[PDB]
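J.: Provided herewith is a single structure, encoded as structure tokens, for subsequent inquiry.
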2 protein chains.
Amino acid sequence: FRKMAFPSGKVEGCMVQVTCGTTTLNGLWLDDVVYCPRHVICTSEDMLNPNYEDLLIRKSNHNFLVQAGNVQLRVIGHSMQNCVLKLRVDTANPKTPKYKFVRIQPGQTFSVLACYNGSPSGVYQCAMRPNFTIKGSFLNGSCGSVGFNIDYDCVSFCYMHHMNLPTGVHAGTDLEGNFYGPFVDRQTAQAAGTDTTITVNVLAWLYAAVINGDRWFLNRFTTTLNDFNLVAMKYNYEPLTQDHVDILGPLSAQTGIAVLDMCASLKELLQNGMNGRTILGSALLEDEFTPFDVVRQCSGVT
Amino acid sequence: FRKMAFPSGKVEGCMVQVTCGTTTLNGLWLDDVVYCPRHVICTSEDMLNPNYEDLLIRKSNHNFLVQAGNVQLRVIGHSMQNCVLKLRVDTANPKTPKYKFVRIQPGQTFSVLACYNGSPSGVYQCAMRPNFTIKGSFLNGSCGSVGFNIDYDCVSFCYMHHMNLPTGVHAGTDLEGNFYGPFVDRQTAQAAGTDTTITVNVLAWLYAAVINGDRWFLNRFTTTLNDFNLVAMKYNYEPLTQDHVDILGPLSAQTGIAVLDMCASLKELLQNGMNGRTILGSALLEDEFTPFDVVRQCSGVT
Ligand SMILES: O=C[C@H](C[C@@H]1CCNC1=O)NC(=O)[C@H](CC1CCCCC1)NC(=O)c1cc2ccccc2[nH]1
Ligand SMILES: O=C[C@H](C[C@@H]1CCNC1=O)NC(=O)[C@H](CC1CCCCC1)NC(=O)c1cc2ccccc2[nH]1
């Protein structure tokens with residue numbers, strides 16, 4: 001049972017290079033607009049407390065060098081939406097897919113197409129953590145890389161990369177420029193909260209384990225939602241809501257294990273540990289598969 | 001530090017559906033040829049000991065229904081190369097990338113574009129295990145999905161999926177139809193060998209850990225290659241060769257830790273365990289990153 005990313009073809013055709021001054025990063029080229037992090041306009045003497053409105057007034061179109069492969073796109077206009085810059089260009093992208101901008105919920109997963117200099121370098125699956133960080137793999141020059149899901153024929157863009165935190169996790173915005181979490185785009189060490197474990201995702205992954213015949217952790221018991229959430233709080237697990245129990249319903253019915261029965265089993269794994277045993281090859285409980293990810297991997301959604 | 005797949009766009013445009021009788025699986029459409037597993041021509045009464053030569057003589061072009069999306073490609077001719085069928089079609093694929101067929105080495109990694117009914121469903125990173133299996137995620141209808149690497153602008157196809165084994169791992173061929181390992185395409189339970197751990201890959205991943213500041217496992221010692229390989233044999237780790245020490249050379253020089261020093265540290269992790277500590281977030285030693293994978297992720301190759 002593998003971490004699986006969406007195929008990345010539709011997104012690869014939207015990535016471009018955006019250079020402003022001594023800074024080069026990635027942009028997302030959809031129709032006649034290139035989206036990128038607004039901090040591309042900062043200079044080293046402006047990192048600590050940028051006034052982006054003043055800084056953007058100081059730039060003109062020709063300070064923004066946009067390239068799509070070997071094609072130089074001319075910037076026609078520039079505007080700021082929250083923490084993203086919108087560079088109007090003289091050419092619409094012929095490879096623009098059907099797309100939408102979505103702001104995902106904590107606990108939800110997406111694929112990240114990691115890019116450098118406008119070129120795709122790799123794709124992997126992430127989760128929006130409960131504290132609105134993501135545990136990504138990003139280097140210098142990775143800003144502007146996007147996270148997305150693919151629904152039918154529609155690419156739903158949900159994340160654009162802006163920064164790394166002192167703990168090595170990552171922070172960014174939706175495609176309207178609003179940061180996930182409390183983070184701000186200035187150069188200062190910023191705390192993410194305590195990160196909690198996405199309980200509904202761990203439950204989905206235990207269901208995946210049962211579907212694939214790995215069932216040693218099942219016990220005879222059940223529990224109430226209330227009794228469970230009291231144990232979960234002690235181990236920094238997110239509370240489980242009735243909506244979560246409903247989301248896990250199909251998985252429960254396919255395996256014949258009621259949700260509150262699986263919760264009882266998870267309760268014991270948290271109190272007793274794993275005594276050196278693994279589940280789906282993992283020595284730790286995994287929480288970056290949603291119930292939909294499990295169903296899609298265990299049923300073969302395309 | 002994440003398992004990262006290559007971007008899958010170039011490969012997605014080559015996937016087609018291939019139906020023969022009551023069996024539907026994926027084909028790889030390059031120029032005017034569709035490649036697929038030859039077992040697509042089997043019926044349920046022919047699974048146990050197929051005579052493929054006789055079976056293929058019994059088929060005609062019109063028993064092979066090939067579709068690329070909504071386009072029905074007419075089969076013009078059909079031939080068998082080892083365990084893959086080559087279906088000549090009346091149209092060359094306009095989206096054919098620069099490509100080559102390569103037979104990878106055990107220990108080497110590749111990306112798998114998992115497909116059902118000719119449509120890409122997900123992409124993930126695998127390793128060719130020492131016993132020539134892969135630990136994939138494949139369902140019914142996944143045969144014909146391919147594994148690949150991307151070198152510059154060239155897609156190097158290395159794997160096509162054929163079967164799952166009783167242990168739940170997976171077996172298949174190169175794109176010339178030769179199975180990796182001892183496996184044969186008939187319906188019988190087939191043993192893969194003892195699977196050993198890819199020592200050079202574990203060493204690369206320990207180097208990744210150091211590059212990312214996770215260094216608790218380092219010790220004061222060194223070791224000879226010979227003394228190390230004696231411990232490695234006891235824990236079913238592949239032998240480390242001088243070629244491996246040379247492959248790990250750049251990583252050694254970037255971290256300032258000689259290869260045989262890292263080996264000394266690995267020796268102790270194998271004898272003493274991890275006492276409940278993790279490395280790069282993992283409670284087990286990871287062996288499905290090559291030294292090149294590490295360099296590419298820690299340097300940002302595109
Ligand atoms: O692509 C460029 C990078 C991506 C980073 C870099 C290394 N790994 C990543 O994920 N973004 C950046 O380098 C941005 C640039 C921008 C400068 C102006 C105002 C706000 C931030 N800066 C940062 O991520 C960063 C600043 C910082 C200060 C204190 C502690 C951690 C920090 N991380
Ligand atoms: O796409 C079709 C599947 C992919 C499989 C199926 C479920 N998960 C996978 O990875 N291939 C298959 O289903 C092929 C079909 C073919 C039939 C004729 C001769 C040789 C094999 N059969 C198999 O993989 C298989 C047979 C078998 C017998 C004993 C123990 C394990 C086995 N696995």
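Convention: chains lettered A, B, ... in structure tokens order; per-chain residue numbering from 1; ligands numbered from 1 as shown.
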With ligand 2 as the partner and 9 Å as the cut-off, tabulate the residues of chain B that qualify, each row holding the nearest pair of atoms and their distance in Å to one decimal, using only C-alpha atoms and all ligand atoms, sorted by chain and rising number, as a tab-separated table.
T.:
residue	atom	partner	partner_atom_place_in_ligand_line	distance
B:23	CA	ligand 2	2 (C)	8.5
B:24	CA	ligand 2	1 (O)	7.8
B:25	CA	ligand 2	1 (O)	6.0
B:26	CA	ligand 2	1 (O)	8.2
B:37	CA	ligand 2	16 (C)	8.9
B:38	CA	ligand 2	19 (C)	8.8
B:39	CA	ligand 2	18 (C)	5.2
B:40	CA	ligand 2	16 (C)	7.6
B:41	CA	ligand 2	18 (C)	8.5
B:42	CA	ligand 2	18 (C)	5.9
B:43	CA	ligand 2	18 (C)	7.7
B:44	CA	ligand 2	18 (C)	7.7
B:46	CA	ligand 2	18 (C)	7.2
B:47	CA	ligand 2	18 (C)	4.3
B:48	CA	ligand 2	19 (C)	6.8
B:49	CA	ligand 2	19 (C)	7.7
B:50	CA	ligand 2	19 (C)	7.0
B:116	CA	ligand 2	1 (O)	8.5
B:136	CA	ligand 2	10 (O)	8.1
B:137	CA	ligand 2	10 (O)	7.5
B:138	CA	ligand 2	10 (O)	4.7
B:139	CA	ligand 2	8 (N)	4.3
B:140	CA	ligand 2	6 (C)	4.3
B:141	CA	ligand 2	1 (O)	3.7
B:142	CA	ligand 2	1 (O)	4.2
B:143	CA	ligand 2	1 (O)	3.6
B:144	CA	ligand 2	1 (O)	7.3
B:145	CA	ligand 2	1 (O)	8.7
B:161	CA	ligand 2	4 (C)	7.3
B:162	CA	ligand 2	11 (N)	5.2
B:163	CA	ligand 2	24 (O)	3.1
B:164	CA	ligand 2	10 (O)	4.0
B:165	CA	ligand 2	31 (C)	4.5
B:166	CA	ligand 2	31 (C)	4.7
B:167	CA	ligand 2	31 (C)	8.2
B:168	CA	ligand 2	8 (N)	7.9
B:169	CA	ligand 2	10 (O)	7.8
B:170	CA	ligand 2	10 (O)	5.9
B:171	CA	ligand 2	10 (O)	7.8
B:184	CA	ligand 2	20 (C)	7.3
B:185	CA	ligand 2	20 (C)	3.9
B:186	CA	ligand 2	19 (C)	3.6
B:187	CA	ligand 2	28 (C)	4.3
B:188	CA	ligand 2	28 (C)	4.1
B:189	CA	ligand 2	29 (C)	3.6
B:190	CA	ligand 2	30 (C)	6.7
J.: Using only C-alpha atoms, what table do you get, as JSON lines, when you list each residue of chain A with an atom no more than 6 Å from chain B, its nearest pair of atoms, and their distance in Å rounded to one decimal, rows by chain then rising number?
T.:
{"residue": "A:1", "atom": "CA", "partner": "B:137", "partner_atom": "CA", "distance": 5.8}
{"residue": "A:4", "atom": "CA", "partner": "B:124", "partner_atom": "CA", "distance": 5.3}
{"residue": "A:5", "atom": "CA", "partner": "B:123", "partner_atom": "CA", "distance": 5.3}
{"residue": "A:6", "atom": "CA", "partner": "B:122", "partner_atom": "CA", "distance": 4.7}
{"residue": "A:7", "atom": "CA", "partner": "B:122", "partner_atom": "CA", "distance": 5.4}
{"residue": "A:8", "atom": "CA", "partner": "B:8", "partner_atom": "CA", "distance": 5.6}
{"residue": "A:9", "atom": "CA", "partner": "B:9", "partner_atom": "CA", "distance": 3.5}
{"residue": "A:121", "atom": "CA", "partner": "B:302", "partner_atom": "CA", "distance": 4.4}
{"residue": "A:122", "atom": "CA", "partner": "B:6", "partner_atom": "CA", "distance": 4.7}
{"residue": "A:123", "atom": "CA", "partner": "B:5", "partner_atom": "CA", "distance": 5.3}
{"residue": "A:124", "atom": "CA", "partner": "B:4", "partner_atom": "CA", "distance": 5.3}
{"residue": "A:137", "atom": "CA", "partner": "B:1", "partner_atom": "CA", "distance": 5.8}
{"residue": "A:283", "atom": "CA", "partner": "B:283", "partner_atom": "CA", "distance": 5.8}
{"residue": "A:302", "atom": "CA", "partner": "B:121", "partner_atom": "CA", "distance": 4.4}
J.: Pick out the residues sitting within 12 Å of residue 264 of chain A, and hand them over as a ChimeraX atom specification; count only C-alpha atoms, and ignore anything fewer than 6 positions along from it in its own chain.
T.: /A:203,206,217-229,231-232,257-258,270-271
J.: Take the residues from that selection and write them out as a PDB file, in the first residue's frame, keeping N, CA, C and O atoms.
T.:
ATOM      1  N   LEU A 203      -7.616   5.965  10.894  1.00  0.00           N
ATOM      2  CA  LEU A 203      -8.683   4.967  10.821  1.00  0.00           C
ATOM      3  C   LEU A 203      -8.857   4.444   9.404  1.00  0.00           C
ATOM      4  O   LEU A 203      -9.004   3.229   9.197  1.00  0.00           O
ATOM      5  N   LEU A 206      -5.992   2.025   8.803  1.00  0.00           N
ATOM      6  CA  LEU A 206      -6.261   0.727   9.426  1.00  0.00           C
ATOM      7  C   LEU A 206      -7.263  -0.074   8.604  1.00  0.00           C
ATOM      8  O   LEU A 206      -7.169  -1.304   8.519  1.00  0.00           O
ATOM      9  N   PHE A 217      -4.101  -6.253  14.598  1.00  0.00           N
ATOM     10  CA  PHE A 217      -4.416  -5.249  15.611  1.00  0.00           C
ATOM     11  C   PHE A 217      -5.887  -5.225  16.012  1.00  0.00           C
ATOM     12  O   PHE A 217      -6.254  -4.478  16.931  1.00  0.00           O
ATOM     13  N   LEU A 218      -6.739  -5.995  15.345  1.00  0.00           N
ATOM     14  CA  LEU A 218      -8.154  -5.987  15.685  1.00  0.00           C
ATOM     15  C   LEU A 218      -8.373  -6.657  17.037  1.00  0.00           C
ATOM     16  O   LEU A 218      -7.716  -7.646  17.368  1.00  0.00           O
ATOM     17  N   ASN A 219      -9.284  -6.096  17.833  1.00  0.00           N
ATOM     18  CA  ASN A 219      -9.644  -6.655  19.129  1.00  0.00           C
ATOM     19  C   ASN A 219     -11.157  -6.844  19.184  1.00  0.00           C
ATOM     20  O   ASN A 219     -11.885  -6.487  18.251  1.00  0.00           O
ATOM     21  N   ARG A 220     -11.632  -7.385  20.307  1.00  0.00           N
ATOM     22  CA  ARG A 220     -13.029  -7.779  20.449  1.00  0.00           C
ATOM     23  C   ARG A 220     -13.952  -6.615  20.769  1.00  0.00           C
ATOM     24  O   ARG A 220     -15.175  -6.788  20.723  1.00  0.00           O
ATOM     25  N   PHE A 221     -13.399  -5.442  21.056  1.00  0.00           N
ATOM     26  CA  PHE A 221     -14.111  -4.393  21.760  1.00  0.00           C
ATOM     27  C   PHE A 221     -14.803  -3.411  20.822  1.00  0.00           C
ATOM     28  O   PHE A 221     -14.610  -3.402  19.598  1.00  0.00           O
ATOM     29  N   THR A 222     -15.636  -2.579  21.435  1.00  0.00           N
ATOM     30  CA  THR A 222     -16.123  -1.362  20.813  1.00  0.00           C
ATOM     31  C   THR A 222     -15.924  -0.243  21.837  1.00  0.00           C
ATOM     32  O   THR A 222     -15.296  -0.470  22.878  1.00  0.00           O
ATOM     33  N   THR A 223     -16.419   0.961  21.545  1.00  0.00           N
ATOM     34  CA  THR A 223     -16.194   2.153  22.356  1.00  0.00           C
ATOM     35  C   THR A 223     -17.235   3.175  21.915  1.00  0.00           C
ATOM     36  O   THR A 223     -17.788   3.070  20.814  1.00  0.00           O
ATOM     37  N   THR A 224     -17.530   4.143  22.783  1.00  0.00           N
ATOM     38  CA  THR A 224     -18.301   5.266  22.273  1.00  0.00           C
ATOM     39  C   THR A 224     -17.355   6.275  21.637  1.00  0.00           C
ATOM     40  O   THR A 224     -16.149   6.281  21.898  1.00  0.00           O
ATOM     41  N   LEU A 225     -17.920   7.118  20.768  1.00  0.00           N
ATOM     42  CA  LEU A 225     -17.167   8.249  20.243  1.00  0.00           C
ATOM     43  C   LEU A 225     -16.585   9.092  21.373  1.00  0.00           C
ATOM     44  O   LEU A 225     -15.448   9.574  21.277  1.00  0.00           O
ATOM     45  N   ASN A 226     -17.351   9.277  22.456  1.00  0.00           N
ATOM     46  CA  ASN A 226     -16.905  10.118  23.566  1.00  0.00           C
ATOM     47  C   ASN A 226     -15.720   9.492  24.297  1.00  0.00           C
ATOM     48  O   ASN A 226     -14.695  10.149  24.508  1.00  0.00           O
ATOM     49  N   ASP A 227     -15.835   8.217  24.678  1.00  0.00           N
ATOM     50  CA  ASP A 227     -14.727   7.532  25.347  1.00  0.00           C
ATOM     51  C   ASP A 227     -13.476   7.518  24.476  1.00  0.00           C
ATOM     52  O   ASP A 227     -12.350   7.626  24.985  1.00  0.00           O
ATOM     53  N   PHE A 228     -13.649   7.349  23.160  1.00  0.00           N
ATOM     54  CA  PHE A 228     -12.493   7.348  22.272  1.00  0.00           C
ATOM     55  C   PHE A 228     -11.802   8.703  22.276  1.00  0.00           C
ATOM     56  O   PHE A 228     -10.582   8.788  22.452  1.00  0.00           O
ATOM     57  N   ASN A 229     -12.569   9.772  22.057  1.00  0.00           N
ATOM     58  CA  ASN A 229     -11.988  11.104  21.944  1.00  0.00           C
ATOM     59  C   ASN A 229     -11.253  11.514  23.206  1.00  0.00           C
ATOM     60  O   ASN A 229     -10.377  12.385  23.154  1.00  0.00           O
ATOM     61  N   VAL A 231      -9.310   9.378  25.000  1.00  0.00           N
ATOM     62  CA  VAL A 231      -7.984   8.806  24.784  1.00  0.00           C
ATOM     63  C   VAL A 231      -7.235   9.566  23.695  1.00  0.00           C
ATOM     64  O   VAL A 231      -6.029   9.816  23.813  1.00  0.00           O
ATOM     65  N   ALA A 232      -7.923   9.904  22.597  1.00  0.00           N
ATOM     66  CA  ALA A 232      -7.259  10.575  21.482  1.00  0.00           C
ATOM     67  C   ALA A 232      -6.631  11.891  21.917  1.00  0.00           C
ATOM     68  O   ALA A 232      -5.503  12.209  21.524  1.00  0.00           O
ATOM     69  N   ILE A 257     -16.421  -4.172   9.785  1.00  0.00           N
ATOM     70  CA  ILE A 257     -15.932  -3.716  11.075  1.00  0.00           C
ATOM     71  C   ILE A 257     -16.480  -2.314  11.288  1.00  0.00           C
ATOM     72  O   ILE A 257     -16.113  -1.376  10.564  1.00  0.00           O
ATOM     73  N   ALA A 258     -17.368  -2.173  12.271  1.00  0.00           N
ATOM     74  CA  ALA A 258     -17.988  -0.884  12.529  1.00  0.00           C
ATOM     75  C   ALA A 258     -16.930   0.124  12.950  1.00  0.00           C
ATOM     76  O   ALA A 258     -15.876  -0.227  13.490  1.00  0.00           O
ATOM     77  N   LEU A 270      -2.743   2.815  20.691  1.00  0.00           N
ATOM     78  CA  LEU A 270      -2.175   4.018  21.289  1.00  0.00           C
ATOM     79  C   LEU A 270      -1.727   3.765  22.722  1.00  0.00           C
ATOM     80  O   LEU A 270      -0.708   4.308  23.159  1.00  0.00           O
ATOM     81  N   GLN A 271      -2.467   2.935  23.461  1.00  0.00           N
ATOM     82  CA  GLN A 271      -2.109   2.681  24.854  1.00  0.00           C
ATOM     83  C   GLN A 271      -0.994   1.652  24.973  1.00  0.00           C
ATOM     84  O   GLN A 271      -0.101   1.799  25.816  1.00  0.00           O
TER      85      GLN A 271
END
J.: Where does DSSP see helix (DSSP H, G or I) in segment 137-268 of chain A, if you list the residues as an MDAnalysis selection string?
T.: chainID A and resid 199:211 225:234 242:247 249:255 259:268
J.: Find the residues around segment 98-101 of chain A up to 12 Å (only C-alpha atoms counted), leave out those fewer than 5 positions away in its own chain, and share them as an MDAnalysis selection string.
T.: chainID A and resid 10:11 14 28:31 35 146:160 173:178
J.: I need the strand (DSSP E) residues of segment 36-93 of chain B per DSSP on the backbone, written as JSON, numbers by chain.
T.: {"B": [36, 37, 64, 65, 66, 67, 68, 71, 72, 73, 75, 76, 77, 78, 79, 80, 81, 84, 85, 86, 87, 88, 89]}
J.: Which residues, written as a VMD selection string, have at least one atom at most 7 Å from residue 129 of chain A, with only C-alpha atoms counted and residues fewer than 4 positions away on the same chain left out?
T.: chain A and resid 106 to 107 133 to 134
J.: Neighbouring residues of residue 76 of chain A were defined as those with any atom within 10 Å, considering only C-alpha atoms; residues of the same chain fewer than 4 positions away were excluded. Please report them as number ranges by chain.
T.: A: 32-33, 60-62, 64, 87-91
